[PDB]
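Q: Next up, input.cif (mmCIF, C-alpha atoms).
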```
data_query
loop_
_atom_site.label_atom_id
_atom_site.label_comp_id
_atom_site.auth_asym_id
_atom_site.auth_seq_id
_atom_site.Cartn_x
_atom_site.Cartn_y
_atom_site.Cartn_z
CA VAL A 1 44.48 86.89 175.55
CA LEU A 2 46.73 89.91 175.23
CA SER A 3 50.43 89.41 175.00
CA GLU A 4 52.78 90.91 177.58
CA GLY A 5 53.92 93.44 174.91
CA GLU A 6 50.27 94.43 174.28
CA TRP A 7 49.68 94.93 178.01
CA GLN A 8 52.73 97.16 178.22
CA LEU A 9 51.41 99.41 175.41
CA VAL A 10 48.03 99.59 177.16
CA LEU A 11 49.49 100.43 180.59
CA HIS A 12 52.02 102.83 179.12
CA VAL A 13 49.24 104.97 177.66
CA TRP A 14 47.05 104.64 180.76
CA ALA A 15 49.92 105.84 182.95
CA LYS A 16 49.55 109.01 180.88
CA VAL A 17 45.74 109.22 181.32
CA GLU A 18 46.60 109.10 184.96
CA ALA A 19 48.46 112.42 184.54
CA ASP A 20 45.07 114.10 184.16
CA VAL A 21 42.33 111.67 185.13
CA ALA A 22 39.69 114.36 185.48
CA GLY A 23 40.44 116.05 182.10
CA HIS A 24 40.34 112.68 180.40
CA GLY A 25 37.11 111.66 182.18
CA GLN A 26 35.46 114.88 181.08
CA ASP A 27 36.45 114.57 177.46
CA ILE A 28 35.43 110.87 177.35
CA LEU A 29 31.99 111.40 178.91
CA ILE A 30 31.21 114.46 176.80
CA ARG A 31 32.28 112.49 173.72
CA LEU A 32 30.02 109.62 174.79
CA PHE A 33 27.01 111.84 175.58
CA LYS A 34 27.32 113.83 172.34
CA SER A 35 27.91 110.83 170.04
CA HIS A 36 25.27 108.66 171.68
CA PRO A 37 22.59 110.86 173.38
CA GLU A 38 20.70 107.79 174.55
CA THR A 39 23.58 107.17 176.97
CA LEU A 40 23.01 110.45 178.77
CA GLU A 41 19.43 109.36 179.59
CA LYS A 42 20.66 106.56 181.83
CA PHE A 43 22.12 109.17 184.24
CA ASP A 44 19.34 110.89 186.18
CA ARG A 45 22.06 113.05 187.61
CA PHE A 46 23.18 114.31 184.17
CA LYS A 47 19.93 114.51 182.21
CA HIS A 48 19.62 118.26 182.79
CA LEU A 49 22.79 118.90 180.75
CA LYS A 50 21.79 120.01 177.25
CA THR A 51 24.89 121.66 175.85
CA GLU A 52 28.51 120.80 175.67
CA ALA A 53 29.26 124.02 177.62
CA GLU A 54 26.94 122.82 180.42
CA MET A 55 28.65 119.42 180.42
CA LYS A 56 32.11 121.00 180.61
CA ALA A 57 31.04 123.26 183.48
CA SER A 58 29.61 120.36 185.55
CA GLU A 59 31.81 119.50 188.52
CA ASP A 60 29.70 116.47 189.25
CA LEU A 61 30.26 115.17 185.73
CA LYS A 62 33.97 115.70 186.15
CA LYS A 63 33.82 113.80 189.44
CA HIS A 64 32.07 110.87 187.69
CA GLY A 65 34.74 110.90 184.92
CA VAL A 66 37.24 110.27 187.65
CA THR A 67 35.12 107.46 189.11
CA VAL A 68 34.83 105.49 185.86
CA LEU A 69 38.42 106.03 184.75
CA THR A 70 39.69 104.95 188.13
CA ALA A 71 37.78 101.66 188.05
CA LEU A 72 38.90 101.12 184.49
CA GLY A 73 42.55 101.81 185.38
CA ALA A 74 42.36 99.24 188.20
CA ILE A 75 40.88 96.66 185.84
CA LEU A 76 43.53 97.24 183.17
CA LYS A 77 46.31 96.83 185.71
CA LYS A 78 45.04 93.30 186.48
CA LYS A 79 46.04 92.45 182.88
CA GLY A 80 43.07 90.13 182.33
CA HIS A 81 42.84 88.89 185.91
CA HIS A 82 39.85 91.08 186.80
CA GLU A 83 37.24 88.60 187.97
CA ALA A 84 36.80 90.26 191.39
CA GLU A 85 36.47 93.66 189.76
CA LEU A 86 33.99 92.66 187.06
CA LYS A 87 31.57 90.91 189.44
CA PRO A 88 30.06 93.95 191.20
CA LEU A 89 30.19 96.09 188.01
CA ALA A 90 28.33 93.54 185.91
CA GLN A 91 25.73 93.00 188.68
CA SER A 92 24.95 96.74 189.14
CA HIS A 93 25.09 97.68 185.44
CA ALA A 94 22.83 94.85 184.28
CA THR A 95 20.26 94.96 187.08
CA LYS A 96 20.33 98.44 188.69
CA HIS A 97 21.67 100.81 186.04
CA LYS A 98 20.30 98.79 183.05
CA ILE A 99 23.25 99.51 180.72
CA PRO A 100 23.27 97.66 177.39
CA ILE A 101 26.54 95.95 176.40
CA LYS A 102 26.34 98.14 173.31
CA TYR A 103 26.90 101.18 175.51
CA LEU A 104 30.16 99.64 176.69
CA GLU A 105 31.23 99.53 173.06
CA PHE A 106 30.28 103.24 172.85
CA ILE A 107 32.40 104.24 175.85
CA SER A 108 35.27 102.17 174.38
CA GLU A 109 35.07 104.21 171.11
CA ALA A 110 35.06 107.42 173.17
CA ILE A 111 38.09 106.25 175.22
CA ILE A 112 39.98 105.50 172.02
CA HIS A 113 39.01 108.79 170.39
CA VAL A 114 40.22 110.83 173.37
CA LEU A 115 43.40 108.80 174.01
CA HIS A 116 44.19 109.32 170.43
CA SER A 117 43.53 113.07 170.82
CA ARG A 118 45.72 113.53 173.95
CA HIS A 119 48.77 111.22 173.43
CA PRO A 120 49.37 110.88 169.75
CA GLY A 121 53.01 109.72 170.46
CA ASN A 122 52.20 106.88 172.93
CA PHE A 123 49.05 105.85 171.03
CA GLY A 124 50.13 104.82 167.58
CA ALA A 125 48.13 102.12 165.79
CA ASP A 126 49.89 99.38 167.75
CA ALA A 127 48.87 100.84 171.07
CA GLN A 128 45.40 101.53 169.69
CA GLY A 129 45.11 97.86 168.70
CA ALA A 130 46.27 96.76 172.13
CA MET A 131 43.79 99.08 173.86
CA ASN A 132 41.01 97.79 171.52
CA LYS A 133 41.83 94.27 172.63
CA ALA A 134 41.86 95.06 176.34
CA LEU A 135 38.50 96.84 176.09
CA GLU A 136 37.02 93.97 174.07
CA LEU A 137 38.21 91.47 176.69
CA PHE A 138 36.46 93.54 179.36
CA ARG A 139 33.26 93.67 177.24
CA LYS A 140 33.37 89.96 176.56
CA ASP A 141 33.71 89.16 180.25
CA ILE A 142 30.96 91.56 181.23
CA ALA A 143 28.68 90.12 178.53
CA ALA A 144 29.13 86.68 179.92
CA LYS A 145 27.79 87.83 183.34
CA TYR A 146 24.94 89.68 181.62
CA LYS A 147 23.85 86.44 179.85
CA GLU A 148 24.14 84.55 183.18
CA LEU A 149 21.72 87.10 184.75
CA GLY A 150 19.23 87.03 181.82
CA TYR A 151 20.48 90.14 179.94
#
```
The structure in this file should be written as structure tokens.
A:
Amino acid sequence: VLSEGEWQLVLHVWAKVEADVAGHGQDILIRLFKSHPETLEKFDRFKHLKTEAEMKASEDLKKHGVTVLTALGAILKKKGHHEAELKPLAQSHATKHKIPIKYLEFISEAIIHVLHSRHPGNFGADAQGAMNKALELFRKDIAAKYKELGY
């Protein structure tokens, strides 16, 4: 459980991500794909991208950055009450996309790395801790549906 004060730190920094969703989504996905190349292989649509320059130039990648960050933003704003949201995501990612829970930890590290990089002043260690917690909660809840489904 996050405290109300923890949620405010989380949503304060996300309100800022929301100032440039597409720039954030880009940076986060490139970070993910470069740090953890196995992740890129799960996207048929992105497997042709070899270089960082190619990734940065991809409009479709940028579009997908917006897609994931938008879903995440909607989840965070439920402040833990995200049951309706997690259901379809867990179902598709376990069964259709075949995404290990571990990869959700990877995208969380990438999110933190970039948020750190773009809002030093609203992402001190306190806000970083709060964001860690929110992302962990999400992972925990997803993992529970994975185990239910036999992943």
Q: Using all atoms listed in the file, tabulate the residues of region 22-113 of chain A lying at most 12 Å from any atom of region 137-149 of chain A, each with its closest atom pair and that distance in Å to one decimal, by chain and increasing residue number, as JSON lines.
A:
```
{"residue": "A:71", "atom": "CA", "partner": "A:138", "partner_atom": "CA", "distance": 12.0}
{"residue": "A:72", "atom": "CA", "partner": "A:138", "partner_atom": "CA", "distance": 9.5}
{"residue": "A:73", "atom": "CA", "partner": "A:138", "partner_atom": "CA", "distance": 11.9}
{"residue": "A:75", "atom": "CA", "partner": "A:138", "partner_atom": "CA", "distance": 8.4}
{"residue": "A:76", "atom": "CA", "partner": "A:138", "partner_atom": "CA", "distance": 8.8}
{"residue": "A:78", "atom": "CA", "partner": "A:138", "partner_atom": "CA", "distance": 11.2}
{"residue": "A:79", "atom": "CA", "partner": "A:137", "partner_atom": "CA", "distance": 10.0}
{"residue": "A:80", "atom": "CA", "partner": "A:137", "partner_atom": "CA", "distance": 7.6}
{"residue": "A:81", "atom": "CA", "partner": "A:138", "partner_atom": "CA", "distance": 10.3}
{"residue": "A:82", "atom": "CA", "partner": "A:138", "partner_atom": "CA", "distance": 8.5}
{"residue": "A:83", "atom": "CA", "partner": "A:141", "partner_atom": "CA", "distance": 8.5}
{"residue": "A:84", "atom": "CA", "partner": "A:141", "partner_atom": "CA", "distance": 11.6}
{"residue": "A:85", "atom": "CA", "partner": "A:142", "partner_atom": "CA", "distance": 10.4}
{"residue": "A:86", "atom": "CA", "partner": "A:142", "partner_atom": "CA", "distance": 6.7}
{"residue": "A:87", "atom": "CA", "partner": "A:145", "partner_atom": "CA", "distance": 7.8}
{"residue": "A:88", "atom": "CA", "partner": "A:145", "partner_atom": "CA", "distance": 10.2}
{"residue": "A:89", "atom": "CA", "partner": "A:142", "partner_atom": "CA", "distance": 8.2}
{"residue": "A:90", "atom": "CA", "partner": "A:142", "partner_atom": "CA", "distance": 5.7}
{"residue": "A:91", "atom": "CA", "partner": "A:145", "partner_atom": "CA", "distance": 7.7}
{"residue": "A:92", "atom": "CA", "partner": "A:146", "partner_atom": "CA", "distance": 10.3}
{"residue": "A:93", "atom": "CA", "partner": "A:146", "partner_atom": "CA", "distance": 8.9}
{"residue": "A:94", "atom": "CA", "partner": "A:146", "partner_atom": "CA", "distance": 6.2}
{"residue": "A:95", "atom": "CA", "partner": "A:149", "partner_atom": "CA", "distance": 8.3}
{"residue": "A:98", "atom": "CA", "partner": "A:146", "partner_atom": "CA", "distance": 10.3}
{"residue": "A:99", "atom": "CA", "partner": "A:146", "partner_atom": "CA", "distance": 10.0}
{"residue": "A:100", "atom": "CA", "partner": "A:146", "partner_atom": "CA", "distance": 9.2}
{"residue": "A:101", "atom": "CA", "partner": "A:143", "partner_atom": "CA", "distance": 6.6}
{"residue": "A:102", "atom": "CA", "partner": "A:139", "partner_atom": "CA", "distance": 9.1}
{"residue": "A:103", "atom": "CA", "partner": "A:139", "partner_atom": "CA", "distance": 10.0}
{"residue": "A:104", "atom": "CA", "partner": "A:139", "partner_atom": "CA", "distance": 6.7}
{"residue": "A:105", "atom": "CA", "partner": "A:139", "partner_atom": "CA", "distance": 7.5}
{"residue": "A:106", "atom": "CA", "partner": "A:139", "partner_atom": "CA", "distance": 10.9}
{"residue": "A:107", "atom": "CA", "partner": "A:139", "partner_atom": "CA", "distance": 10.7}
{"residue": "A:108", "atom": "CA", "partner": "A:139", "partner_atom": "CA", "distance": 9.2}
```
Q: Name the residues that the PyMOL selection byres ((chain A and resi 70) around 12) pulls out of this structure, and write them as number ranges by chain.
A: A: 14-15, 17-18, 20-22, 24-25, 63-69, 71-77, 85
Q: One number please: CA of residue 119 (chain A) to CA of residue 13 (chain A), in Å, one decimal.
A: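 Interatomic distance, CA of residue 119 (chain A) to CA of residue 13 (chain A): 7.6 Å.
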Q: If you count all atoms listed in the file, which residues fall within 10 Å of residue 116 (chain A), apart from same-chain ones fewer than 4 positions away, as a tab-separated table (two decimals) with C-alpha atoms, in the frame of the given file?
A:
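Saved as around_11.tsv:
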```
chain	number	residue	atom	x	y	z
A	13	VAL	CA	49.24	104.97	177.66
A	110	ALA	CA	35.06	107.42	173.17
A	111	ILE	CA	38.09	106.25	175.22
A	112	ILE	CA	39.98	105.50	172.02
A	120	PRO	CA	49.37	110.88	169.75
A	121	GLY	CA	53.01	109.72	170.46
A	122	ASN	CA	52.20	106.88	172.93
A	123	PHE	CA	49.05	105.85	171.03
A	124	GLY	CA	50.13	104.82	167.58
A	125	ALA	CA	48.13	102.12	165.79
A	127	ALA	CA	48.87	100.84	171.07
A	128	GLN	CA	45.40	101.53	169.69
```
Q: Have a look at CA of residue 113 (chain A) and CA of residue 30 (chain A) and let me know their distance in Å, one decimal.
A: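 Taking CA of residue 113 (chain A) as the start and CA of residue 30 (chain A) as the end point, the length is 11.6 Å.
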Q: Rounded to one decimal in Å, what is the spacing between CA of residue 16 (chain A) and CA of residue 134 (chain A)?
A: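 Going from CA of residue 16 (chain A) over to CA of residue 134 (chain A) covers 16.6 Å.
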Q: If the PyMOL selection byres ((chain A and resi 3) around 12) were run on this exact file, what residues would it hold? Put them as a PyMOL selection string.
A: chain A and resi 1-2+4-10+79-80+129-131+133-134
Q: Residues at most 10 Å from residue 46 (chain A), counting only C-alpha atoms, excluding those fewer than 2 positions away in the same chain, as a list in words?
A: residues 33, 40, 41, 42, 43, 44, 48, 49, 50, 55, 58, 60 and 61 of chain A
